[PDB]
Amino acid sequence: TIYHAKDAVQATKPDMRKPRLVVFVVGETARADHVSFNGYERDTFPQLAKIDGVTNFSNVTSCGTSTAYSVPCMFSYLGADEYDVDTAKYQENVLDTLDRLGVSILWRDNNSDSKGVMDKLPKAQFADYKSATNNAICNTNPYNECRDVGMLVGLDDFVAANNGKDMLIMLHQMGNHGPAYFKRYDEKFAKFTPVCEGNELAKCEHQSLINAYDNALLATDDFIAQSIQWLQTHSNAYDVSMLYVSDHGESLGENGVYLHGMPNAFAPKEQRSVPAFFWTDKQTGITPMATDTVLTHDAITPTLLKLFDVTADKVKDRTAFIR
């Protein structure tokens, strides 16, 4: 493979300082402007609003507008201005670097797959959580659809199997993917009604489409809160943190545009303006950047490296989500 960080050094090791345990929630289809913290007039993140140490970032722009385009760029060394979607999977990415330096990498997926990101690493480090084969939380809704919270089940066994190592766990959400937003959340999150149901989105009033979308965000609030709560159970033995970033936003009819995937040359703001959250325990010494920092997906790679005390020449000048 073609390297970007052959020089990378982990300055400190888990045998000499506390091991570090991080969950990176790779979000899906979530819009910054539907987040309460960014000024949305509905409380779409009530559980995160009750957790001390959550930072919300109000100015984050995605690389692109589809999962296929954005996800590889989120883990790239190139940044958005330089990213090449066709050669991305055959170049060293940030997970390759962290794995080489001894961080135990796990990717659980309730979306599709890692879009090439995990391809160079052992197959055992990727797990499909879209089916009842691996996901124990699919029977809670009329659609028999497997839920993102299912990805948390059994993570204590992974920690036990990597006892005392640094660990980075990616949880790739179904999140707010459409067009059937109403299917994305269990009935306990049907806060905003009426909702757009059925297979004909044009038959639905705009407000009912928004309602379904916002209900799906409530389920994501819950998932991120449960991810933090899970991390908190390991805080004595590990330095624990959680990063959340959505891969792109979503058009909900603005200017006659729906869904996502619009080429960047024409993409409206709602497809690229994404939420991002960072949480850490007080013991870690990790400090968030200012909430209004002008940020992009280019911040992800340097954040992940910084979380594990890794430096790489190519990202020296790059702003992260953390100091």
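Residue numbers here begin at 1 and follow the sequence given.
In this crystal structure, the stretch out of 202 to 210 and 216 to 224 whose C-alpha atoms carry the higher mean B factor is 202 to 210. Of the two segments, 287 to 295 and 273 to 281, the one listed with the higher mean B-factor is 287 to 295 (C-alpha atoms only).
Of the candidates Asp109, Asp96, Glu187, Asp247, the deposited coordinates give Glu187 the top C-alpha B factor. Across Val117, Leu252, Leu171, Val195, the greatest Cα temperature factor reported in the deposited entry is at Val195. Sort the chain's modelled residues by C-alpha temperature factor and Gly261 lands in the lowest third, per the entry.
Residue-level temperature factors show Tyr129 in the middle third of its chain, judged at the C-alpha atom. For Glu82, the recorded CA B-factor ranks within the highest third of the chain. Only modelled residues enter the ranking. Split the chain's modelled residues into thirds by C-alpha temperature factor. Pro72 is in the lowest one. Placement of the Cα temperature factor of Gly150 within the chain: middle third of the modelled residues, per the deposited record.
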